[PDB]
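Inside the fold
Next come the chains, spelled out residue by residue.
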Amino acid sequence: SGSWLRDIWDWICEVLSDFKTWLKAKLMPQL
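Residues numbered from 1 in each chain as written, not as in the entry; some residues may be left out. Heavy atoms only, no water.

For this coordinate set, the PDB header names solution NMR as the determination method.

As recorded in the PDB, this entry has the title "NMR structure of the membrane anchor domain (1-31) of the nonstructural protein 5A (NS5A) of hepatitis C virus (Ensemble of 51 structures, sample in 50% tfe)".

1. As for the overall build of the protein
Within the protein, the secondary structure is distributed over one helix and zero strands. Its C-alpha atoms put the protein at 45 × 10 × 5 Å along the principal axes. Entry remark: accessible area of the protein is about 3,500 Å², with carbon and sulfur atoms responsible for 66%. Side chains of the protein carry 4 positive and 4 negative charges; the gap between the two charge centres is 12 Å. (Helix = DSSP H or I, 4+ residues; strand = E, 2+ residues; numbered from the N terminus. Areas by Shrake-Rupley, 256 points an atom, 1.4 Å probe, with all protein chains shown as cover. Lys, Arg positive; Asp, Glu negative; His and termini not counted. Charge placed at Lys NZ, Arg CZ, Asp CG, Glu CD.)

2. Some thoughts on helix α1 (residues 7-26)
Quick reminder: α-helices carry 3.6 residues per turn. Residues three or four places apart thus point the same way. For α1, spanning 20 residues, the distance from its first C-alpha to its last is 29 Å, which sits close to the expected 28 Å at 1.5 Å a residue. Where α1 bends most, at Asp18, the angle is about 30°. Of all the 20 residues making up α1, zero are buried; the element is thus mostly uncovered. One or two steps after α1, the chain reaches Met28, where phi turns positive at roughly 65°. (Expected span 1.5 Å × (residues − 1). Bend = angle between axes of the 7 residues up to and from the residue. Buried < 20%, exposed > 50% of the residue type's maximum accessible area, 1.4 Å probe, protein only.)

3. Side note on the UniProt feature "intramembrane region" in the protein
In the UniProt entry, the feature "intramembrane region" is given for residues 1-31. Between the C-alpha atoms that bound residues 1-31 there is a distance of 40 Å. The span itself is 65% helix and 0% strand. (UniProt positions renumbered as here; feature names shortened; annotations may be inferred.)

So this is what it looks like as structure tokens:
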């Protein structure tokens, strides 16, 4: 393979931020 720990690193960062917003957007009034 070519880029594995670098190309997947950006995706791992987006999943970490989404895991915090997705779970929050489901409940709570404002955000």
